[PDB]
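Trainee: Okay, handing you the structure first.
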Amino acid sequence: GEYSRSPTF
Amino acid sequence: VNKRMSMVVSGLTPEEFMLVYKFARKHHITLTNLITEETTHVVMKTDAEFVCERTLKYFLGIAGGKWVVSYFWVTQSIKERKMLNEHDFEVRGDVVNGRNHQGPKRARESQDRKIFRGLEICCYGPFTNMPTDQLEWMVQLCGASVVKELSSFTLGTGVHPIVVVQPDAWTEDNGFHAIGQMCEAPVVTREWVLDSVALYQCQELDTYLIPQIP
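Chains D and A, in that order, give the protein sequences. Take the first sequence: its position 1, counted from the start at 1, is 401 in PDB author numbering, and no numbers get skipped. Take the second sequence: its position 111, counted from the start at 1, is 1756 in PDB author numbering, and no numbers get skipped.
Structure follows, in structure tokens:
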């Protein structure tokens, strides 16, 4: 989905 | 056979990452997207003062005691077109735990004295945005002995037991308060580990402890 991001914390 | 320089990145837009790839390509430089012992250098997107957000790779590279550096290393290396020294562009800190806590730096040096040495840990389910096995790996790389179930806590008396969970991750179940029953050992949040790791120094369990019910 062309997306998408690294999760943060 | 002797030495290698593999890489990963984190917190990068696709867009940015291409100019990385480009550089890597250029300088005979390995590059993976998934991270291991093999990885040496870990590039992070930062602010001017080399301060970054906290991605999973962030945490792991520190635990590994790897060379954690800013993207601006590259942009500069690009500007000169030339292999600039990494050291300078090392990360000083992050958003949560101070903009200059020098944690990754400290990691690199404090290898002889791994923070969680002597400690048994059951990364007790469930979690999000990093799977237990990773979390588990993280702490092994900070000296921790790791446990798979609660019962399996080696008991007595040099060895320290500790339980970690990510509570909000508990769907329709405020069951994390019962664990005090499952075993007398301490119950703390993930936050503890992360922050312990973020600074590379084992923290006070107090702030991160978790109320229990008998």
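We put the CB at the ideal spot given by N, CA and C, even for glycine.
#1: Could you check how far apart the C-beta atoms of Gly-1763(A) and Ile-1707(A) are, in whole angstroms? I think they sit under 8 Å.
#2: For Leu-1664(A) versus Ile-1680(A), is the C-beta distance shorter than 8 Å?
#3: Pick from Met-1652(A), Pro-1659(A), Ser-1651(A): whose alpha carbon is nearest that of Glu-402(D)?
#4: If you drop the 5 nearest sequence neighbours on each side, which residues of the same chain put their C-beta closer than 8 Å to that of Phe-1821(A)?
#5: Check whether the Cβ of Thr-1799(A) lies closer than 8 Å to any Cβ atom in chain D.
#6: So which residues of chain E does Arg-1699(A) contact, with C-beta pairs closer than 7 Å?
#7: Could you give the residue range of the beta strand (DSSP E) that holds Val-1714(A)?
#8: Can you name the residues of chain D whose CB is closer than 7 Å to the CB of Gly-1656(A)?
#9: On the CB-based measure, 16 or more other CB atoms within 10 Å of its CB, does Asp-1739(A) come out buried or exposed?
#10: Can you have a look at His-1673(A) and say buried or exposed, based on whether 16 or more other CB atoms are within 10 angstroms of its CB?
#11: List, in chain order, every chain D residue whose beta-carbon is nearer than 8 Å to that of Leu-1839(A).
#12: Under the three-state reduction of DSSP, which class applies to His-1805(A): helix, strand or coil?
#13: Can you tell me whether DSSP reads residue 1861(A) as helix, strand or coil?
#14: Suppose you measure from the CA of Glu-1683(A) to the CA of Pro-1859(A); what does that come to, to the nearest Å?
#15: Can you check whether the C-beta of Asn-1774(A) is within less than 8 Å of a C-beta belonging to chain D?
#16: Where does the unbroken beta strand (DSSP E) through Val-1832(A) begin, and where does it stop?
#17: Under DSSP, the beta strand (DSSP E) around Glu-1765(A) begins and ends at which residues?
#18: Tell me the residue span of the beta strand (DSSP E) that contains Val-1654(A).
#19: Just to confirm before moving on: does the CB-CB distance between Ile-1766(A) and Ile-1807(A) stay below 8 Å?
#20: Mind pulling the beta strand (DSSP E) runs of 3 or more residues that sit fully within the segment 1725-1774 of chain A?
#21: Assign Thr-1691(A) to one of two classes, buried (16 or more other C-beta atoms within 10 Å of its C-beta) or exposed (fewer than that).
#22: How far does the alpha helix (DSSP H) with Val-1665(A) in it reach, from first residue to last?
Mentor: To lay it out plainly:
#1: Not quite, the Cβ-Cβ distance comes to about 20 Å (not below 8 Å), so this is no contact.
#2: no
#3: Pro-1659(A)
#4: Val-1810, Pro-1812, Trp-1815, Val-1832, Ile-1855
#5: no
#6: Of the protein chains in this structure, namely D and A, none is chain E.
#7: 1712-1715
#8: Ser-406
#9: buried
#10: exposed
#11: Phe-409
#12: strand
#13: There is simply no residue 1861(A) to check, as chain A begins at 1646 and stops at 1859 in what is shown.
#14: 46 Å
#15: yes
#16: 1832-1834
#17: 1764-1768
#18: 1651-1655
#19: yes
#20: 1764-1768
#21: buried
#22: 1659-1671
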